[PDB]
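Each chain gets a letter, A, B and so on, in the order its sequence line appears, and its residues count up from 1. These numbers come from the heavy atoms of this one structure, side chains and all, not from hydrogens, waters or symmetry mates.
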Amino acid sequence: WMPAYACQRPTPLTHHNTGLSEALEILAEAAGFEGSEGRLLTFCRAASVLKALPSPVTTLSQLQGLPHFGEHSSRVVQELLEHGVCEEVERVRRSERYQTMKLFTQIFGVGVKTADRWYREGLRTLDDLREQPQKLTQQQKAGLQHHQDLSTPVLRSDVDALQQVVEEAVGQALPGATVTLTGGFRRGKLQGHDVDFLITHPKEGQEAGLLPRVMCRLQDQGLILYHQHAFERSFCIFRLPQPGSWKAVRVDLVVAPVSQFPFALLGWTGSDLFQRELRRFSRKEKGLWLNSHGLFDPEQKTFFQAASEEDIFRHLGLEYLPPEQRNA
DNA sequence: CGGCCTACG
DNA sequence: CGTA
DNA sequence: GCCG
Ligand SMILES: Nc1nc2c([nH]c(=O)n2[C@H]2C[C@H](O)[C@@H](COP(=O)(O)OP(=O)(O)OP(=O)(O)O)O2)c(=O)[nH]1
Ligand SMILES: [Ca+2]
Ligand SMILES: [Ca+2]
Ligand SMILES: [Ca+2]
Ligand SMILES: [Cl-]
Ligand code: NA
């Protein structure tokens, strides 16, 4: 009754099993820190199944038949239901390894492989990194410089102000170009770690070269603290004005041709797990290859022409889910 | 047993 | 590798 | 870790 892929079922933002899902997500995160993407995926999928249930799980029995629940995930839920705590989860939480890998991977520009190397070298704190700036890329230096602000959740007021300044720069760069808010905010979240914008133009090809012109206009207005610079994606840090001051905010900008807009909108709206599951479903169940540019039939060697996200869902044989039900 | 999303910067 |  |  519970479909196996997250893209086959609605997942609302508010759900009924946060305690259980948070515990499984700890184990998922720790599996990633140890280099097991497969165990990460299973524990994420099991946590996501719980977010899709209509009611709180109160008894072991209620897991029977659910996909992605086997002996390990079931034992974790068992222990939480019976004792309010799972020893394995608590051991991970309080481990030096987990706490330090979380601290380091939370830096913009630092992933698991980098964090693990630094951990093996004996580094433990952000101060330790700042004292060895030779080990840092320019992206990491920016992430570390602005780490305090980047740890502060971005709210909706920040989004609306950011969208106004992005729209102004986009309109100055190319008349008729548009800006669409994507990411978690489009799914209905009230906070995020960054703001995501998708930029296009209704006339195919007019958007070529647009992102450098936007970035230059934002940089000239003093709004850019960091960006990597032809390009179509920018993972930036913006100097966002605040009353009497400013704060650093992570902003992602993507430019796509309008032919690709539905695919880019779907991909960048997420969630991360929802999109990996949708791409897996497409390839493994339907034989079609999905990305943020298109949906390819490798036997006909043709791309599906979609005018909306709904068209993509329909072509994949899936019930349509609005963004606020993609919170897998 | 092997697979596990995707590709741009 | 990073985005993640 | 779970599944095809
Ligand atoms: N984080 C992440 N996002 C991914 C991945 N693959 C993929 O297509 N995306 C898409 C879906 C996300 O909604 C979109 C933007 O990334 P994001 O981390 O800002 O996601 P979010 O807005 O839901 O998160 P947040 O700001 O609320 O923390 O990128 C991936 O592996 N990780
Ligand atoms: Ca990081
Ligand atoms: Ca975001
Ligand atoms: Ca983002
Ligand atoms: Cl694994
Ligand atoms: Na099972």
* Asked: OP1 or OP2 of B:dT6 less than 4.0 angstrom from a side-chain nitrogen or oxygen of A:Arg283, does that happen here?
  -> yes
Using a 4.0 Å heavy-atom cut-off, does A:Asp194 contact any base of the nucleic acid, only the sugar-phosphate backbone, or nothing at all? sugar-phosphate
task = Have a look at A:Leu290 and say if it touches a base, only the backbone sugar-phosphate, or nothing, with a 4.0 Å heavy-atom cut-off.
result = sugar-phosphate
Contacts satisfying salt bridge (charged side-chain N to carboxylate O under 4.0 Å, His left out) that involve residues 43-58 of chain A (not counting sequence neighbours) are A:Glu25-A:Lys51, A:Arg45-A:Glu277
Exercise for review: For A:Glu277, report the nucleic acid contact type (base, sugar-phosphate, nothing); a contact means any heavy atom under 4.0 Å.
Suggested key: nothing
Exactly one candidate in A:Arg39, A:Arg97, A:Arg93, A:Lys102 meets salt bridge (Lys or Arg N to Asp or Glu O under 4.0 Å) with A:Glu29; the answer is A:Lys102
Give A:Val110 one of three labels, base, sugar-phosphate or nothing, depending on what nucleic acid heavy atoms sit under 4.0 Å from its own.
sugar-phosphate
Using a heavy-atom cut-off of 4.0 Å across all strands, would you classify A:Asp272 as base, sugar-phosphate, or nothing? nothing
Look at A:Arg279 and B:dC5 and indicate whether a side-chain polar atom (N or O) is within less than 4.0 Å of OP1 or OP2.
-> no
Practice problem: With heavy atoms under 4.0 Å as the rule, sort A:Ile107 into base, sugar-phosphate or nothing. | Solution: sugar-phosphate
For D:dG1, the nucleotide meeting Watson-Crick or G-U wobble distances (both under 3.5 Å) is B:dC4
- prompt: Are OP1 or OP2 of D:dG1 and a side-chain N or O of A:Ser36 less than 4.0 angstrom apart?
  reply: no
Whole-Å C1' distance, C:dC1 and B:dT6: 16 Å
### Message
Does a side-chain N or O of A:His293 approach OP1 or OP2 of B:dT6 to a distance below 4.0 Å, or not?
### Response
no
Show your reasoning for whether side chain to side chain donor-acceptor pair (under 3.5 Å) applies to A:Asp128 and A:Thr125.
CA-CA 5 Å; A:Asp128 289 336; A:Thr125 66; 3.2 Å; yes
* For B:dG3, take OP1 and OP2 only and decide whether either is under 4.0 Å from a side-chain N or O of A:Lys284. => no
How are the rings of A:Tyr98 and A:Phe33 set relative to one another: parallel (under 30°), tilted (30 to 60°) or perpendicular (over 60°)? tilted
Min and max contacting nt of DNA chain C in 5' to 3' order, chain A heavy atoms within under 4.0 angstrom, are C:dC1 to C:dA4
Passes ring pair (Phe, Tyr, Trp, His ring centres under 6.0 Å), A:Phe43 versus A:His72? Steps please.
CA-CA 9 Å; A:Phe43 283 131; A:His72 198 151; 5.2 Å; yes
query = How would you label the contact of A:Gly38 with the nucleic acid (heavy atoms, under 4.0 Å): base, sugar-phosphate, or nothing?
reply = base
Here the distance between atom P of B:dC4 and atom NE2 of A:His68, to the nearest Å, is 14 Å
Item to complete: Answer yes or no: is there an ion pair linking A:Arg156 with A:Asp160, defined by an N-O contact shorter than 4.0 Å?
Response: yes
So the ring-ring contact (aromatic ring centres under 6.0 Å, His included) pairs with at least one residue in residues 262-287 of chain A (sequence neighbours excluded) are A:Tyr5-A:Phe281
Notebook entry, point to check: Given the P atoms of B:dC5 and D:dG4, what is the spacing between them in whole Å?
Noted result: 15 Å
